[PDB]
Amino acid sequence: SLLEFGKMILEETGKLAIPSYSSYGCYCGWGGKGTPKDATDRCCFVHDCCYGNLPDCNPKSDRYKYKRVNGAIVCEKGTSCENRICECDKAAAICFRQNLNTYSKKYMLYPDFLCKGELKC
Ligand SMILES: CN(C)Cc1c[nH]c2c(CCCO)cccc12
């Protein structure tokens, strides 16, 4: 769920999910259109695609468990939707940590009309 995703992000990056990553670029948050603006936005695109592979799961509301094994994220065994949702989120949080150095505040509150183009998962 958003509750676990949020905590994972803050743990990884030191930033709070809302509003560092809920209105960034074309894909972090609401958006699902155009070309991702930078590497952080591409993490959100791949995260959305990840969720798109689970049409019968409910990643916003279904809760899973995960633990830290010295830093490393380990998804705990739950239902199969929970395990797969956790893997999507874990990947995104790592993707965000890996691109913290190019995160730009110019992409916060990014306007819709500037999200132009096509990109298939
Ligand atoms: C639901 N609302 C209350 C908050 C919210 C919507 N989308 C979010 C994403 C998606 C970014 C990753 O693709 C990350 C963190 C929080 C949110």
# chains A, B, ... in the order shown; residues from 1 in each chain; ligands from 1
$ residues_near_ligand --ligand "ligand 1" --cutoff "7 Å" --atoms "only C-alpha atoms and all ligand atoms" --output "list in words"
residues 2, 5, 6, 17, 18, 21, 22, 27, 28, 29, 30, 44, 45, 47 and 48 of chain A
$ write_last_selection --atoms "N, CA, C and O atoms" --output "compact mmCIF listing (two decimals), in the first residue's frame"
# COMPACT_ATOMS: atom_id res chain seq x y z
N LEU A 2 0.21 2.40 -0.30
CA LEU A 2 0.84 3.68 -0.21
C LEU A 2 1.56 3.93 1.12
O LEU A 2 2.60 4.55 1.12
N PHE A 5 4.93 2.08 0.78
CA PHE A 5 5.68 2.70 -0.26
C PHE A 5 6.34 4.02 0.25
O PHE A 5 7.52 4.24 0.05
N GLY A 6 5.52 4.89 0.85
CA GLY A 6 5.90 6.11 1.53
C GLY A 6 7.01 5.96 2.55
O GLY A 6 7.97 6.71 2.55
N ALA A 17 7.55 11.16 0.67
CA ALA A 17 6.90 10.79 -0.60
C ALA A 17 6.04 11.91 -1.15
O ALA A 17 6.14 12.27 -2.33
N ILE A 18 5.16 12.45 -0.29
CA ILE A 18 4.35 13.63 -0.58
C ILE A 18 5.12 14.81 0.09
O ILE A 18 5.36 14.79 1.30
N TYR A 21 7.78 13.32 -4.40
CA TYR A 21 7.58 12.29 -5.42
C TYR A 21 6.11 12.05 -5.80
O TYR A 21 5.80 11.03 -6.46
N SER A 22 5.19 12.92 -5.38
CA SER A 22 3.77 12.71 -5.74
C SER A 22 3.35 13.69 -6.81
O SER A 22 2.27 13.57 -7.36
N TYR A 27 5.39 11.26 -14.51
CA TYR A 27 4.93 9.92 -13.99
C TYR A 27 4.92 9.79 -12.49
O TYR A 27 4.40 8.81 -11.99
N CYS A 28 5.56 10.67 -11.72
CA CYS A 28 5.54 10.40 -10.29
C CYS A 28 4.24 10.97 -9.73
O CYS A 28 4.05 12.20 -9.73
N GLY A 29 3.35 10.12 -9.25
CA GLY A 29 2.04 10.61 -8.79
C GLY A 29 0.93 10.35 -9.79
O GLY A 29 0.83 9.25 -10.30
N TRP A 30 0.11 11.36 -10.05
CA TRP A 30 -1.05 11.29 -10.97
C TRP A 30 -0.66 10.74 -12.32
O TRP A 30 -1.15 9.67 -12.74
N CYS A 44 9.56 6.38 -11.89
CA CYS A 44 8.12 6.40 -11.68
C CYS A 44 7.45 5.73 -12.87
O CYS A 44 6.55 4.95 -12.67
N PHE A 45 7.90 6.01 -14.09
CA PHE A 45 7.40 5.30 -15.28
C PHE A 45 7.56 3.79 -15.11
O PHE A 45 6.62 3.07 -15.36
N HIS A 47 7.94 2.03 -12.42
CA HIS A 47 7.01 1.70 -11.30
C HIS A 47 5.55 1.58 -11.72
O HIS A 47 4.88 0.59 -11.37
N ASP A 48 5.03 2.56 -12.46
CA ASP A 48 3.74 2.44 -13.07
C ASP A 48 3.56 1.21 -13.96
O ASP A 48 2.53 0.51 -13.83
$ residues_around --residues "residue 100 (chain A)" --least-positions-apart "2" --cutoff "10 Å" --atoms "only C-alpha atoms" --output "ChimeraX atom specification"
/A:12-15,39-40,94-98,102-104
$ atom_distance --atom1 "CA of residue 78 (chain A)" --atom2 "CA of residue 57 (chain A)"
12.8 Å
$ atom_distance --atom1 "CA of residue 90 (chain A)" --atom2 "CA of residue 11 (chain A)"
11.3 Å
$ select_by_dssp --residues "region 72-114 of chain A" --states "strand (DSSP E)" --output "MDAnalysis selection string"
chainID A and resid 72:75
$ write_last_selection --atoms "N, CA, C and O atoms" --output "mmCIF file, in the first residue's frame"
data_model
loop_
_atom_site.group_PDB
_atom_site.id
_atom_site.type_symbol
_atom_site.label_atom_id
_atom_site.label_comp_id
_atom_site.auth_asym_id
_atom_site.auth_seq_id
_atom_site.Cartn_x
_atom_site.Cartn_y
_atom_site.Cartn_z
ATOM 1 N N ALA A 72 19.426 -3.651 3.354
ATOM 2 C CA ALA A 72 18.762 -4.272 2.189
ATOM 3 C C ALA A 72 17.223 -4.405 2.435
ATOM 4 O O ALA A 72 16.842 -4.740 3.522
ATOM 5 N N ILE A 73 16.363 -4.129 1.451
ATOM 6 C CA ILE A 73 14.890 -4.330 1.586
ATOM 7 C C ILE A 73 14.588 -5.792 1.326
ATOM 8 O O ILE A 73 15.023 -6.342 0.340
ATOM 9 N N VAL A 74 13.907 -6.467 2.244
ATOM 10 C CA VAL A 74 13.519 -7.851 2.013
ATOM 11 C C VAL A 74 11.974 -7.911 2.153
ATOM 12 O O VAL A 74 11.429 -7.661 3.213
ATOM 13 N N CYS A 75 11.287 -8.216 1.059
ATOM 14 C CA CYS A 75 9.820 -8.386 1.059
ATOM 15 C C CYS A 75 9.444 -9.658 1.822
ATOM 16 O O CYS A 75 10.040 -10.712 1.612
#
$ closest_residue --among "A:68, A:120, A:77, A:106" --to "residue 33 (chain A)" --atoms "only C-alpha atoms"
A:120
$ closest_residue --among "A:84, A:24, A:42, A:70" --to "residue 54 (chain A)" --atoms "only C-alpha atoms"
A:84
$ select_by_dssp --residues "region 8-105 of chain A" --states "alpha helix (DSSP H)" --output "MDAnalysis selection string"
chainID A and resid 8:13 17:20 39:52 80:98
$ residues_around --residues "residue 4 (chain A)" --least-positions-apart "4" --cutoff "8 Å" --atoms "only C-alpha atoms" --output "JSON, numbers by chain"
{"A": [8, 63, 64, 65]}
$ write_last_selection --atoms "C-alpha atoms" --output "short mmCIF file (atom, residue, chain, number, x, y, z; two decimals), in the first residue's frame"
data_model
loop_
_atom_site.label_atom_id
_atom_site.label_comp_id
_atom_site.auth_asym_id
_atom_site.auth_seq_id
_atom_site.Cartn_x
_atom_site.Cartn_y
_atom_site.Cartn_z
CA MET A 8 10.33 2.93 2.06
CA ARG A 63 -0.62 -3.93 2.55
CA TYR A 64 2.54 -6.01 2.66
CA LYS A 65 5.39 -6.50 5.12
#
$ atom_distance --atom1 "CA of residue 62 (chain A)" --atom2 "CA of residue 99 (chain A)"
27.2 Å
$ closest_residue --among "A:76, A:87, A:56, A:41" --to "residue 115 (chain A)" --atoms "only C-alpha atoms"
A:41
$ closest_residue --among "A:25, A:89, A:113, A:43" --to "residue 7 (chain A)" --atoms "only C-alpha atoms"
A:89
